Amino acid sequence: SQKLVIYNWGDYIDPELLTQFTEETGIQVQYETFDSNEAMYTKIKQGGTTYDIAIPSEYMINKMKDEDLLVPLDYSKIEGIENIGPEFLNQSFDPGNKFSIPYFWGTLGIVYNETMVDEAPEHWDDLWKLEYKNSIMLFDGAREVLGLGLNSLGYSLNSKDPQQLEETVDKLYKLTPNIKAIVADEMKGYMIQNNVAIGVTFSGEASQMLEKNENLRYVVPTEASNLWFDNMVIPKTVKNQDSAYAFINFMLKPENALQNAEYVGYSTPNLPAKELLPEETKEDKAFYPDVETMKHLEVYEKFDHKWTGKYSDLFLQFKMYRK
Ligand SMILES: [Ca+2]
Ligand SMILES: [Ca+2]
Ligand SMILES: [Ca+2]
Ligand SMILES: [Ca+2]
Ligand SMILES: [Cl-]
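Residues numbered from 1 in each chain as written, not as in the entry; some residues may be left out. Chains lettered and ligands numbered in written order. Heavy atoms only, no water.

- Per the deposition metadata, X-ray crystallography was the technique used to determine this entry, at a resolution of 1.50 Å.

Printed below as a string of structure tokens:
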């Protein structure tokens, strides 16, 4: 009775891959979904539910490894780690990939309606252009908004320099004539229905919007942006360790990573898989940006209570000025 309990985001695997996995290995899959970071964390932390594989965001890997909730991966049981691009490994949230392996990755950027703008935006500063009066929706998050302001000034999105942060808030005030609203998930409706020209959001969200409206495009500012990852981990409540490693190995096979990327539509970290994608997909710099753009990306740093609070307060200052 070999089995595997997987805990993943909803709509985040090609279901046919689960069927292939079971047929090929004999391992049955008990599939469980979550749809927010917080819901996942609560069920893992509670400790009473067995999960063998989970697919957390980089933010949650930072949080869970510090609470000793993840099993350090046994690389002697892992096959195909060489298939993951070096640019996706040894990141700040999991140095040495002690606990995790990339599943999908992406960026923060700009989704725009080609028919509603003249020249396409290309850099964070383009959002400040006079032509974009009441035309932009911003992702509702302090790190995202303060980060793009920082980047627009040539500063790191992880800055802990008070003067840099003061300059960033002053710069964001000048963007207010162009901001229609600050929203999170609901941004997609406004873009899909052609109700707003530009939105700042993440590449997975953008990918989903683009599927529903042929006039939308996505760009990652080449100068700097945010890098995100969803990753495979083995929670400490694991009961089927052999099965967990089998699944990791299955998902590292380029043909499986390829099929998954085609189904979900997000950027694969599997380099051999990328080479086998359709030309139009592989060559799209919206989702497979160039080497220099990659080099300029930064993962969000885990801030202590002080700096989390400082960024939160600064974003509230910005929201006050929008009133
Ligand atoms: Ca989903
Ligand atoms: Ca569920
Ligand atoms: Ca296959
Ligand atoms: Ca005002
Ligand atoms: Cl393969």
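### Looking at the overall build of the protein
Working step 1: From N to C terminus, the protein includes 13 helices and ten strands.
Working step 2: Counting across all 323 residues of the protein, residues that qualify as buried make up 54%.
Working step 3: Of the contacts formed within the protein by residues at least 6 apart in sequence, a portion of 77% connects residues at least 24 apart.
Working step 4: Accessible surface for the protein amounts to roughly 14800 Å². Of this, 48% is attributable to carbon and sulfur atoms.
Working step 5: Treating the 30 positive side-chain charges of the protein as one cloud and the 52 negative ones as another, the clouds have centres 7 Å apart. (Helix = DSSP H or I, 4+ residues; strand = E, 2+ residues; numbered from the N terminus. Buried < 20%, exposed > 50% of the residue type's maximum accessible area, 1.4 Å probe, protein only. Contact = heavy atoms within 4.5 Å. Areas by Shrake-Rupley, 256 points an atom, 1.4 Å probe, with all protein chains shown as cover. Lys, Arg positive; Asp, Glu negative; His and termini not counted. Charge placed at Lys NZ, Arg CZ, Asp CG, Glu CD.)

### Thoughts on the coordination of the calcium ion (ligand 2)
Working step 1: Taken together, the protein donors to the calcium ion (ligand 2) comprise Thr33 (O) and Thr33 (OG1), at separations of 2.4 to 2.5 Å.
Working step 2: Relative to the helices and strands, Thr33 is located in strand β2 (residues 28-34). (Donors = N, O, S within 2.8 Å, 3.2 Å for Na, K, Ca; no water.)

### Focus: the pairing of strand β4 (residues 101-113)
Working step 1: Among the 13 residues in β4, 13 count as buried, and that is most of the element.
Working step 2: In the sheet, β4 pairs with strand β9 (residues 225-232) via six bridges, with the strands oriented antiparallel. Across the sheet, the residue bridging to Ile101 is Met232, located in β9.
Working step 3: Alignment of β4 against strand β7 (residues 198-202), held across five bridges, turns out to be antiparallel. (Pairing = 2+ DSSP bridges.)

### Comments concerning helix α8 (residues 241-252)
Working step 1: Compared with an ideal rise of 1.5 Å per residue, which puts twelve residues at 16 Å, α8 spans 17 Å between its outermost C-alpha atoms and is within 8% of the ideal.
Working step 2: Summarising burial for α8: nine of the twelve residues are buried, a large majority.
Working step 3: Of all the residues in α8, the buried ones are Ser243, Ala244, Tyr245, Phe247, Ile248, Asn249, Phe250, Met251 and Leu252.
Working step 4: Buried residues along α8 sit in contact with β1 (3-9), α1 (15-25), β3 (53-54), β4, β9 and α9 (254-264). (Expected span 1.5 Å × (residues − 1).)

### Focus on the side chain of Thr201
Working step 1: Looking at the element boundaries, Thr201 is found in strand β7.
Working step 2: By relative accessible area, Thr201 is classed as buried at 2%.
Working step 3: When sequence neighbours within four positions are dropped, the list of residues in contact with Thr201 reads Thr107, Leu108, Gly109, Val111, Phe139, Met187, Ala206, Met209 and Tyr218.

### Quick word on the packing of aromatic side chains
Working step 1: Counted according to the given criterion, the structure contains 19 aromatic pairs.
Working step 2: Here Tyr103 and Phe104 contribute two aromatic rings whose centre-to-centre distance is 5.0 Å and whose plane-to-plane angle is 70 degrees, an arrangement assigned as edge-to-face.
Working step 3: Take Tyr103: its relative accessible area is 7%, and that puts it in the buried class.
Working step 4: With relative accessibility at 1%, the residue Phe104 sits in the buried group. (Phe/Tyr/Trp six-rings, centres within 6.5 Å; stacked < 30°, edge-to-face > 60°.)

### Points about the side chain of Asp94
Working step 1: Assignment of secondary structure puts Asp94 in the loop between α3 (58-66) and β4.
Working step 2: No salt bridge is formed by the buried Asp94, whose closest oppositely charged neighbour, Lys65, lies at an N-O distance of 6.1 Å. (Salt bridge = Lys/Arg side-chain N within 4 Å of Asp/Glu carboxyl O.)

### Focus on the coordination of the calcium ion (ligand 3)
Working step 1: The protein atoms that coordinate the calcium ion (ligand 3) are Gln20 (OE1) and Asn256 (OD1), at distances spanning 2.3 to 2.4 Å. Of this pair, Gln20 sits in helix α1 while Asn256 is found in helix α9, placing the two residues 236 residues apart along the sequence.
Working step 2: We classify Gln20 as buried; its relative accessible area is 17%.
Working step 3: Residue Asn256 is classed as buried on the basis of its relative accessible area of 6%.

### A word on the sheet that holds β2
Working step 1: Spatially, three strands are ordered β2-β1-β3 in an open sheet, and the strand pairing comes out parallel. The strands lining the two open edges of the sheet, one partner per strand, are β2 and β3.
Working step 2: Pairing of β1 with β3 involves two bridges; the strand directions are parallel. Bridge pairing in β3 places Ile6 opposite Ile53.
Working step 3: Those strands touched by α1 are β1 and β2, and its axis lies near 155 degrees from that of β2.
Working step 4: Each of β1 and β3 touches α8; the most contacted strand, β1, lies at about 55 degrees to it. (Axes fitted to C-alpha atoms, helices over the stretch in contact; angles between N-to-C directions.)

### Concerning the domain arrangement of the protein
Interfaces are often sized by the amount of accessible area the parts lose when they come together.
Working step 1: If you check the domain split of the protein, you get domain 1 (1-105 + 229-288) and domain 2 (106-228 + 289-323).
Working step 2: Taken over C-alpha atoms, the centre of domain 1 sits 27 Å from the centre of domain 2.
Working step 3: Across the domain 1/domain 2 interface, buried area totals approximately 1500 Å², and carbon plus sulfur atoms make up 65% of it.
Working step 4: Counting the surface domain 1 buries against domain 2, the share from its top three residues, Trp105, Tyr266 and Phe287, is 38%.
Working step 5: Across the domain 1-domain 2 interface, the total number found is zero salt bridges.
Working step 6: Applying the counting criterion to the domain 1 and domain 2 interface returns three residue pairs in polar contact.
Working step 7: Counting only elements with at least two residues in the side of domain 1 that touches domain 2, the list comes to α3, β4 and β9.
Working step 8: For the side of domain 1 that touches domain 2, a count of residues per class yields eleven nonpolar, four polar and four charged. (Domains from an automatic or database assignment. Buried area = accessible area lost by both parts, 1.4 Å probe. Polar contact = N/O pair within 3.5 Å; in protein donor to acceptor, adjacent residues only side chain to side chain. Nonpolar A, V, L, I, M, F, W, Y, C, P; charged D, E, K, R; others polar.)

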